[PDB]
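Here's a solo chain for you in structure tokens, the form deposited in one PDB entry.
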């Protein structure tokens, strides 16, 4: 196909040259996503662990989204953003050599235990710091959920899964494509309206419900029929606010605003009294798999 070859060659120029198997050993699969698989590997000399995401060009939904997988991590070096070391083209696959995140995904934690507000705030602060930098450059993540948040062994929190990113500017102020996971999708986005970075703030709102209630709303419903409910009904509320402090409550009320214009921005939210509750990375360590019995 003229389509495949042209895209292959383009991507070739974007990525670093060569094959990482000239310095890496012990490729073992450690999980898979929608784009492709992720495996750990070892640096020959160092003996250090890294993570490698492998993505087949021929097996993509929208092939051009693969540029994000390289560019976003390269251009947004940040405390709360996964470090990318290199990107290579191996045959018909894109390989991204990035830091291995020992602590796993946030999903593992929310599905099993209940976090306290100290720990919830610490996650939100990390994500909002990451998003403020992205939104500042008109970059929307479009896939905010617990699965996109990875942890270190020492309890630091980093954002991942940039494959669905899009960029708005003064020329193109809004996106209109339908991307992201059904339950974390903003109402204006589901309605197929022109949308901006405000859709990420909503998704974060759904991720707070995840951290409090353990599920995004309507999670037990089929994906299609759940989207209709998000599109039709009022902003979802927490099950019971008896034990939720008004700090969190008032914070979540700024996230899950139906009108995008009234919804808060990452810049604004970074100053919300609630985020001052955020504990040290050490307060997150108890929540991780290894430290549970």
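Residue numbers count along the first chain shown, from 1.
One more form of this protein, deposited with a partner chain bound, exists but is not displayed; see below.
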message = Can you tell me which of 261 to 269, 240 to 248, 41 to 49, 55 to 63 lies within 4.5 Å of the partner chain in the deposited bound form, counting heavy atoms only?
response = 55 to 63
query = Would residue 82 count as touching the partner chain in the deposited bound form under a 4.5 Å heavy atom rule?
reply = no
inquiry  = Is residue 183 part of the interface with the partner chain in the deposited bound form - any heavy atom within 4.5 Å?
reply    = yes
ask   = Quick one: is residue 132 in contact with the partner chain in the deposited bound form, heavy atoms, 4.5 Å cut-off?
value = no
ask   = Any of the heavy atoms of residue 90 lying within 4.5 Å of the partner chain in the deposited bound form?
value = no
remark   = Checking 99, 188, 117, 147 against the partner chain in the deposited bound form, the residue with a non-hydrogen atom inside 4.5 angstroms turns out to be 147
